[PDB]
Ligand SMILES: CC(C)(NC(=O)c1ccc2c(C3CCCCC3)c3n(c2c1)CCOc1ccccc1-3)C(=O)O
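Only one chain is given next, in structure tokens, and it is the form solved without this ligand.
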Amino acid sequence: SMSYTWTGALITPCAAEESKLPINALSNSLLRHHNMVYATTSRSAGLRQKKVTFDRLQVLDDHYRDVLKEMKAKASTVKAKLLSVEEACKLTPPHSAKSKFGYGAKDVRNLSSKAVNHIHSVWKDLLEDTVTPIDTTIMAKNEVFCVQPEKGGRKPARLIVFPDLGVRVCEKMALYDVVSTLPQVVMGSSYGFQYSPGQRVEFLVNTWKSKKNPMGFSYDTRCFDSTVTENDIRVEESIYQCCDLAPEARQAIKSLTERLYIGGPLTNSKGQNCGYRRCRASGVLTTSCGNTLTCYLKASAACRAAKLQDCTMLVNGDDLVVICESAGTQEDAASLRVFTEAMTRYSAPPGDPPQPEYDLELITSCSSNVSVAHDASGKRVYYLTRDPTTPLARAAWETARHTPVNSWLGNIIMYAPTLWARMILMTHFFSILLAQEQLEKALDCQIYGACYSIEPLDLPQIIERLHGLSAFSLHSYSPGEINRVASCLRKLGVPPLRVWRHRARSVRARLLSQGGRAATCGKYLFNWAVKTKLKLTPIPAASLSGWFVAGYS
């Protein structure tokens, strides 16, 4: 079947959408080449439509059924329960797209008659009807990037697809528990979202260490969402049903599967119809857990198609890395050849072919990689890092134009130990946030898809729990890493690190001299700036499990 069928309708914007950096006094403090920074909008939705449209054929194997059955046996070990309306409404962000039925996000949280009444309606209907396609809306995502390395290249918007608020609350009722409990049990240590960035590194390095002759590769599957078949999504449902669920949840899961998960009509912002969907929708509840379960099953069965050795994978939605024994260069290459062939048979062809790696550091996964540095006591320390171009460009943007759900807080959080986040990010927002008396204003940001309410003055506490005190003292960064950042600074026109050194000297003083919480941030986050460093003692005001339970984008 074809991932999609399009009528003629243009995907339409509902909000005014900006695509050129909203250039600002403050925005210039950070970045200077704002013309390289842009945002995806509707205008490009069409380009995307073509790259995402094709036919999916699937030849399912014994290796595939064997793995599926093993996964059902684990999943059949799960008892999940439907979440009462109230709880369901609770999990709803006060930023969600309003219902086309009058009530918006808040009423959903306040337990309003219009809200809880419609919700009870979708539900009554979800149970009553199990075949009528359910409407979904489709839009061009607006997120910022930096123009392709090569002068030109610009990425077309991403197309999100989501049902109505009422369906969403219902998704929560019947699937939230299942979707945040079952993955870990089915996939074990391979379930990426159970790991904090720190534990993710501990597991890659360890996995790598436990291998006599280590070899690993990432697998970049092209538009994973567009390769998911109805079969995949149906195969999905049966795993969930292997759970011990209330009878009303079972009928809920069967229903949403045939009505929305499997596919359905595509309506734009202006009520018109754009085409039909037969792959995975990006805005549903099961999309994260579904892609993770599906990528795992295909990758597992695909590993058996070759590797007569010891595979170990880490799976995050569509992102996948696997570390195994080596049997030589030329042989290992042909191994990834077979692996890719099986993956394509399962309908998960690669964007970029898989390349065997022998330098753990060069294995990037989840748009990031593992690198080495040294702490206070000079002991080697492995940390999670990545090209900083996007966080930076997005960083600049969110400083020019107020964004309710930012990326910078999350980047600092998830990437605190690195050199770009420590020197560039922390330095810049503390001074900015300080200037306007915002430090104590908790901002929203998203960790693994879920959005959280984090206070920036809590950073040291958070940073220490997630990465360890070492995070406040890394210093002998790898030449590979220094050159990435340093190259990205020239490109974006960000000021030189040497300059951030002295910039940070300043902010730290203003922070210290404020006493209390502001003082701790200044001393811990910016000790790397001062010349005569002080000896950091573990932070007492700190002693984050839920954050890394499951993926929810």
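Rigid core: the largest C-alpha set superposing within 1.5 Å between the two forms. Residues carry their position along the shown sequence, with the first being 1.
Novice: Is it true that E150 has no coordinates in a third or more of the other entries in the comparison?
Specialist: Yes; at least one third of the other entries leave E150 out.
Novice: Zero if continuous, otherwise a range: how many residues of the deposited sequence are missing coordinates between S543 and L544 (none, 1 to 3, 4 to 9, 10 or more)?
Specialist: The entry has 1 to 3 unmodelled residues between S543 and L544.
Novice: Comparing average C-alpha B factors as deposited, tell me which of 491 to 499 and 57 to 65 sits higher.
Specialist: The recorded data point to 491 to 499.
Novice: Per the PDB record, is the mean Cα temperature factor higher over 259 to 267 or over 285 to 293?
Specialist: 259 to 267 has the higher mean C-alpha B-factor.
Novice: In the PDB entry, which of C303, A333, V144, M426 has its C-alpha at the highest B-factor?
Specialist: That would be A333, according to the entry.
Novice: Among the candidates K72, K98, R394, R465, give the one with the maximum CA B-factor reported in the record.
Specialist: Checking the PDB record, the top C-alpha B-factor among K72, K98, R394, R465 is at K98.
Novice: Ordered by C-alpha B-factor within the chain, which third holds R48? Give me lowest, middle or highest, please.
Specialist: Lowest third, going by the recorded CA B-factors of the chain.
Novice: Name the third of the chain's ranked CA B-factors that contains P214, choosing lowest, middle or highest.
Specialist: For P214, whose C-alpha B-factor we compare with every modelled residue in the chain, the answer is the highest third.
Novice: According to the PDB entry, is the CA B factor of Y452 in the bottom, middle or top third of its chain, that is, lowest, middle or highest?
Specialist: Answer is highest: the recorded C-alpha B-factor places it there.
Novice: Would you check the entry's CA temperature factor for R345 and let me know if it's in the chain's lowest, middle or highest third?
Specialist: Its C-alpha B-factor belongs to the lowest third of this chain's values.
Novice: Quick check on the deposited entry: does the C-alpha B-factor of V161 sit in the lowest, middle or highest third of its chain?
Specialist: Tercile = lowest for this residue's CA B-factor.
Only in words, not in the display: the form deposited with this ligand bound, which the text now covers.
Novice: Go ahead and superimpose the pocket C-alphas, place this ligand as found in the deposited bound form, and count ligand atoms within 2.4 angstroms of backbone or C-beta atoms: 3 or more is blocked, zero is open.
Specialist: Site status: blocked.
Novice: Note which of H63, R56, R503, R517 lies within 4.5 Å of this ligand in the deposited bound form, where distance is taken over heavy atoms; exactly one does.
Specialist: That would be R503.
Novice: Using heavy atoms only and a 4.5 Å cut-off, determine which of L165, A88, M215, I424 is in contact with this ligand in the deposited bound form.
Specialist: Of the listed residues, the single hit is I424.
Novice: Among 252 to 260, 393 to 401, 328 to 336, 93 to 101, which stretch has residues whose heavy atoms lie within 4.5 Å of this ligand in the deposited bound form?
Specialist: That would be 393 to 401.
Novice: So, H118 and this ligand: in the deposited bound form, are they within 4.5 Å at any heavy atom pair?
Specialist: Answer no; every heavy atom of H118 is more than 4.5 Å from this ligand in the deposited bound form.
Novice: How about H428: is it within 4.5 Å of this ligand in the deposited bound form, going by heavy atoms?
Specialist: Judged by the heavy-atom cut-off of 4.5 Å, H428 is in contact with this ligand in the deposited bound form.
Novice: I'd like to check something about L68: if you look in the deposited bound form, is any of its heavy atoms closer than or equal to 4.5 Å to a heavy atom of this ligand?
Specialist: Output for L68 is no: heavy atoms all beyond 4.5 Å of this ligand.
Novice: Is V494 one of the residues lying within 4.5 Å of this ligand in the deposited bound form, judged by heavy atom distances?
Specialist: Taking the distances in the deposited bound form, the answer for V494 is yes, it comes within 4.5 Å of this ligand.
Novice: Considering only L433, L83, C311, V235, which residue exhibits a C-alpha shift of no less than 2 Å between the shown form and the other one, with the rigid core used for superposition?
Specialist: Comparing both forms, the shifted residue turns out to be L433.
Novice: Quick check on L511: with the core superposed, does its CA move 2 angstroms or more between the shown form and the other one?
Specialist: Moves: yes, 2 Å or greater.
Novice: Is it true that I134 shifts between the shown form and the other one by 2 Å or more at the Cα, once the core is aligned?
Specialist: Stays below the 2 Å threshold, so no.
Novice: After the core is matched up, is the C-alpha of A442 off by 2 Å or more between the shown form and the other one?
Specialist: It does, since the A442 C-alpha is displaced 2 Å or more between the shown form and the other one after the core fit.
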